[PDB]
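Following: one structure in structure tokens, then a few remarks.
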Amino acid sequence: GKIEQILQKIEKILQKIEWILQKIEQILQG
Amino acid sequence: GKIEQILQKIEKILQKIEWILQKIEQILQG
Amino acid sequence: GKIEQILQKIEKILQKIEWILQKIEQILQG
Amino acid sequence: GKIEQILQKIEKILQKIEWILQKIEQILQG
Amino acid sequence: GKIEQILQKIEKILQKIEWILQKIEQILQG
């Protein structure tokens, strides 16, 4: 259960990272 | 079962991160 | 037990990565 | 078994991400 | 056992990724 919880936190941090990269890619395009 | 599902979501987020990064690399490269 | 500990270190490194990325985005945005 | 397989896929994607980032680091200094 | 080994490799690549990102951030901020 504790492994699932740490993995869920890792998942959310990675999603946040992907969102920032998306923003960077837009900035770079313009 | 839940661990596998979270891991697969994590895998898919990283694939997307790699893909955006490939695009960022192309932008900077030319 | 050891799996939880390794996952917890991975979580911490990812938080550091997300933080640096937030700052990079801020630099690029301005 | 499936968990190991997804983790090895995750490892390989991170290796590719690291490589793209090295090239970006190099491009940024000319 | 193999799972622990794979996670420790992932942790190591993430450490490498963080260092590159630190350099990139410094290149951009300067």
Side-chain angles (χ1 to χ4, degrees), chain A, chain C:
Chain A
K2 187 173 176 193
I3 294 176
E4 302 178 359
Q5 300 177 294
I6 306 170
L7 282 177
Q8 279 168 339
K9 290 169 188 191
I10 282 162
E11 182 195 351
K12 292 162 181 303
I13 300 169
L14 287 171
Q15 178 55 252
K16 286 182 179 175
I17 287 156
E18 182 213 291
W19 281 331
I20 303 170
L21 284 175
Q22 275 190 48
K23 275 181 283 178
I24 290 164
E25 181 200 359
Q26 166 102 22
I27 299 158
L28 294 177
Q29 282 177 6
Chain C
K2 190 181 188 176
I3 282 165
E4 289 162 5
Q5 293 176 8
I6 305 164
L7 285 175
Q8 278 170 343
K9 288 176 176 52
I10 284 165
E11 180 190 357
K12 288 194 174 42
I13 302 164
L14 286 169
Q15 184 51 68
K16 280 172 187 183
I17 283 166
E18 180 205 340
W19 285 335
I20 294 161
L21 269 164
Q22 284 179 340
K23 297 190 301 167
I24 283 166
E25 192 269 348
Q26 186 57 64
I27 296 176
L28 295 182
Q29 188 60 261

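Note on naming: letters A, B, ... go to the chains in the order of the sequence lines (proteins, then strands), and numbering restarts at 1 for each one. Quick note: numbers below take in every heavy atom, side chains included, and nothing from hydrogens, waters or symmetry partners.
Qualifying salt bridge (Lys or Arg N to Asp or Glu O under 4.0 Å) partners for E11(C), counting only residues two or more places apart in sequence or in other chains: none.
For the atom pair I17(A) CD1 and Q15(C) CD, the distance stands at 8.0 Å (nearest 0.5 Å). Atoms CD and CD1, from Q26(C) and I20(A) in turn, are 11.0 Å apart once rounded to the nearest 0.5 Å. Put simply, NZ on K16(C) and CD1 on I13(A) are 12.5 Å apart, with the number rounded to the nearest 0.5 Å.
More than 12 heavy atoms of other residues, nucleotides or ligands sit less than 6.0 Å from atom CD of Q8(C). Atom NZ of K23(A) has more than 12 neighbouring heavy atoms from other residues, nucleotides or ligands inside a 6.0 Å radius.
Heavy-atom distances place the side chain of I3(C), and not its backbone, under 4.5 Å from chain A.
Ranking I27(A), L14(A), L21(A), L7(A) against chain C, the residue ahead of the rest is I27(A), based on heavy-atom pairs under 4.5 Å.
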